[PDB]
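Working notes, beginning with the structure itself.
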Ligand SMILES: Nc1nc2c(ncn2[C@@H]2O[C@H](COP(=O)(O)OP(=O)(O)OP(=O)(O)O)[C@@H](O)[C@H]2O)c(=O)[nH]1
Ligand SMILES: CCC[C@@H](NC(=O)[C@]1(C)CSC(/C(C)=N/O)=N1)c1cc(OCC2CC2)cc(=O)o1
Ligand SMILES: Nc1nc2c(ncn2[C@@H]2O[C@H](COP(=O)(O)OP(=O)(O)O)[C@@H](O)[C@H]2O)c(=O)[nH]1
Ligand SMILES: [Ca+2]
Ligand SMILES: [Mg+2]
Ligand SMILES: [Mg+2]
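Protein chains in written order, with this note's numbering: chain S, 1 to 440; chain R, 1001 to 1057; chain X, 2001 to 2414.
As structure tokens, this is what we get:
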């Protein structure tokens, strides 16, 4: 009951899906062959971890996941990887030719050749669910598959599954490790098309995850493996309430009620702490107050922006590990007197708290230190619109000269789709301004 | 409750329709662009056959 | 992800031959086709250029209207590794006449060439596209080369087409009608190729004479071209982006797809980067500081601090911001390959879509109008069935190409 189906699209979505499912297996004591000795109910069960894992008669715990990419090289590594026995071959779908960082190719030319197959495979997983709750879609904004095919899939899922919840984990482009100059085009196009089909989207700025690995883990030039193992911790903290039980456990859907005041204002800012190397965690245990204070340090945000220059509409704290309410309430009291937490005048100023008692896990051989407690803050702040403004400005620079637009027109798109998408982003930027103004 | 049913079915309906128009306009535009390309390459062949015919004259 | 290679004309076949010698060595391939390398990285991307009795045969096609140049390929080094059926040659020759290559002596043979293309392409799991080596100053490489591109685009309209085009220079002039063959072939490349890398002989000659201090043979000029072509294809041939993804990010406007190559050294990362961006290391006779970069792609080879490469490429951009258009953010892409070239501990190759390339088209247009103003040597063309309008059309199209490069050189963000 209350099953969740994860969909991983394009390189970024797939490689992040690898990190997440490896981490889930470690958190639940699931072996690379899918065996879970601690699970005494063979063939099924309604345990909390069954929201993400189905069970076979042979005792294999199979992720409720689908990996999709328009070229095979990234998903081949999953087929021959450490967790090859974890996934049924039909959950790994591949084409032959990628989208070439072209939204049009991912949404139309190439994507329309595999979309029916992808939906058929998603349908098979949903038929195994006694009470499907919703989908989790992992993708990049910049890739042609991450942007184009994801938009097509989200549109098709709305048709085949009504208003069943769909959550996004979206990789916001960082020029540094980016290989696409047309990344702004693909970002605006996919955001516009998915906006009405997504209920909640967690953006992850690669540049923010990049700086956290350079500053906090002392990695000179982080790799995707470095970024994805940190991103998986955030995803784990967000999904932990669905995979684990607990008295003080607060379901993600309950946070979502507070995080989304209007359908289009569904982009929460995520902040995570602690991110510490082993060398620094040695003989230094970070308390509840320390990791909580770190949530309000902008250097720990998943998206580059300044909440201190914006207004809050919601503040959620997702703790996991050795944490009790007494300490949390004490730490929040301190922060309420030392920080500039300005709320809009039409929303209460309370902080919503959840505590999962299962401690955090780390991938063996990784750079992240194993800590006893951690926290993820989900806040709805107007400051996240800064990420839209930076991306919309780059869009405008290139589109004024119609740079690269012929690649999109050649695949069948029209200039009207560009202007239409850019106007939608303009309205979204205006929407975030309107919610911040005081009432009359 | 029937109003909630109606709005969900209308959201499904509009999505299916708007997507159908998108995938048709794109199919028509791409086929036209690719038809013009092959048509220009046909005029090069027509011009080439007229070059070889102007030589033997 | 296979690529189909094509060599056409005297220049095209000698440049292509050198190219296969260089990459064959890098992948541990001997002149007979066997693999005797020490690294598995040499074979991970081997299928991009080679087909598999536990042998590796270049996916190449040699074309020429005379057997002279191609016969020297079979006897030369690595001459037997090629597939004998992929040799397609005539006899009458082209006589350094574009009309003969594009209409007469070339159109008769073009069909048999396409047959070899179809056979090679049907053996591809997923064909990326094609690359052509040829010159624009001759007759076969220019005339028949442009023809073959138009004919391949008919059967493979959705495949990427690249060309390594050698531009004519009076400093190495083999003929006087070269300004005609170049302006006529440029008229074609503007319409039927996705990326064209302008290998200017004037630049190769000035690099051999001034820098290398060779008071220069075609073998010296080609030693530069083989190093340039090896660096360009590095990202394709070693693990660590397909032809379409590359073209999508390097070509902001369809007609402006002519690039300036660069190589260094002709040693630290700062020194290597500064030399690579110097006008003296450009394989095209154009000064980039007389225009602006629309896009740039650079590849570093060798064991070198990647963190240092990132900082040095951000440094050059910041200190030379005026030579990069502001309306294309993040238009410089860089890669690093752990495997160095041969004989170098670390090198760097770069390709730029710069508005300064108009200087190259201004030089070819001046040599063209100087002859077309008096109708010199026009009988070699009208005698094959051409008219004067076709010459003026090619002139007007290449003049418009210069105007467009200037339009975007002057464009501003505000
Ligand atoms: N965090 C993170 N970002 C990634 C990863 N892989 C790619 N990206 C980002 O994704 C963007 C490029 O899109 P990709 O996902 O690589 O491309 P794609 O979705 O497979 O689509 P196409 O390759 O064009 O068909 C860039 O901004 C990259 O920085 C990854 O493993 N982790
Ligand atoms: C000096 C580097 C040149 C190389 N480019 C690269 O190695 C990197 C760094 C990898 S990523 C990338 C881009 C465009 N990202 O967005 N540039 C390259 C190769 C290429 O093959 C052409 C075929 C005929 C032989 C096409 C191209 O256009 O750039
Ligand atoms: N770099 C270089 N350029 C060449 C070579 N051979 C010919 N060229 C140039 O190509 C032009 C002549 O074209 P060519 O290919 O020889 O005529 P074709 O036999 O009809 O294809 C002249 O401008 C030469 O400078 C060569 O080996 N190397
Ligand atoms: Ca069970
Ligand atoms: Mg991809
Ligand atoms: Mg010659």
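The beta carbon of each residue, even a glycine, is placed where N, CA and C say it ideally should be.
| Asked | Found |
| --- | --- |
| Checking 9 Å against the spacing of the C-beta atoms, do residue 421/S and residue 266/S come in under that value? | no |
| Run down chain R in chain order and give the residues with a C-beta less than 7 Å from the C-beta of residue 2386/X. | 1051 |
| For residue 1030/R, return the contacting residues in chain S, with the cut-off set at a CB-CB distance below 8 Å. | 108, 109, 410, 411 and 412 |
| Which bits of chain R does residue 2103/X rub up against, with CB to CB less than 9 Å? | 1048, 1051, 1052 and 1055 |
| Is residue 2140/X near ligand 3, judged by its Cβ being under 8 Å from some heavy atom? | yes |
| Would you list, in sequence order, the uninterrupted alpha helix (DSSP H) runs of no fewer than 4 residues that lie entirely inside the segment 82-136 of chain S? | 115-127 |
| List the residues of chain R that residue 162/S touches, going by C-beta distances under 9 Å, in chain order. | 1008, 1009, 1011 and 1012 |
| Which chain R residues sit within Cβ distance under 7 Å of residue 2154/X? | 1038 and 1041 |
| Can you have a look at residue 2200/X and say buried or exposed, based on whether 16 or more other CB atoms are within 10 angstroms of its CB? | buried |
| Against chain S, which members of the segment 2332-2347 of chain X pass a CB distance test of less than 7 Å? | 2333 |
| Skipping 5 residues on each side, what residues in its chain have a beta carbon closer than 6 Å to that of residue 2083/X? | 2057 |
| Going by DSSP in three states, residue 45/S sits in which element: helix, strand or coil? | coil |
| Pick out the complete beta strand (DSSP E) segments inside the segment 2192-2245 of chain X, 3 residues or longer, and give them in chain order. | 2195-2200 |
| With DSSP as the reference, label residue 2094/X as helix, strand or coil. | coil |
| For residue 2285/X, count neighbouring C-beta atoms within 10 Å of its own C-beta (all shown protein chains included) and say buried if the count is 16 or more, exposed if not. | buried |
| Quick check: is the beta carbon of residue 99/S nearer than 9 Å to any beta carbon in chain R? | no |
| For the beta strand (DSSP E) containing residue 324/S, list its first residue and its last residue. | Taken as a continuous stretch (DSSP letters only), residue 324/S belongs to no beta strand (DSSP E), as it is neither H nor E. |
| Can you tell me which residues form a DSSP beta bridge with residue 2051/X? | 2057/X |
| Shortest alpha-carbon distance to residue 140/S belongs to which of 124/S, 224/S and 248/S? | 224/S |
| Name the residue from 50/S, 92/S and 258/S whose alpha carbon lies nearest to the alpha carbon of residue 75/S. | 92/S |
| Output, in chain order, the set of chain X residues within a Cβ distance shorter than 9 Å of residue 1027/R. | What residue 1027/R touches in chain X: nothing, since even the nearest Cβ is about 15 Å away. |
| Please give the ranges of any alpha helix (DSSP H) in the segment 277-359 of chain S, keeping only runs that are unbroken, at least 4 residues long and fully inside the region. | 278-281, 288-295 and 325-338 |
| Contact defined as beta carbons within less than 8 Å: I believe residue 221/S pairs with residue 2307/X. What is the distance between those atoms, to the nearest angstrom? | 5 Å |
| Along the alpha helix (DSSP H) that carries residue 393/S, what are the first and last residues, could you check? | 385-400 |
| If we call anything under 9 Å between Cβ atoms a contact, is residue 1994/X one with residue 2384/X? | Any answer about residue 1994/X is impossible in this case: the structure gives chain X only from 2001 up to 2414. |
| Confirm the yes/no value for this check: CB of residue 40/S, any heavy atom of ligand 4, distance under 8 Å. | yes |
| Closest Cβ-Cβ distance between residue 1044/R and chain S: below 9 Å? | no |
| Using the beta-carbon count (16 or more within 10 Å), is residue 346/S buried or exposed? | exposed |
| Less than 9 Å between CB atoms is the rule here; does residue 1034/R satisfy it with respect to chain X? | yes |
| Measuring only between beta-carbons, confirm whether residue 197/S sits less than 9 Å from chain R. | yes |
| Restricting to runs no shorter than 3 residues, where is the beta strand (DSSP E) found entirely within the segment 2316-2362 of chain X? | 2332-2337 and 2346-2354 |
| Closer than 8 Å is the cut-off here; do at least three beta carbon pairs connect the segment 2016-2034 of chain X with the segment 2076-2093 of chain X? | yes |
| So does residue 78/S have its beta carbon nearer than 8 Å to some heavy atom of ligand 5? | no |
| Let's see if you can read the secondary structure: which residues bound the beta strand (DSSP E) around residue 2258/X? | 2258-2264 |
| Of the residues that make up the segment 2134-2153 of chain X, which ones have a beta carbon closer than 9 Å to any beta carbon in chain R? | 2147, 2150, 2151 and 2153 |
| Can you give me the C-alpha to C-alpha distance between residue 2322/X and residue 2287/X, rounded to a whole angstrom? | 14 Å |
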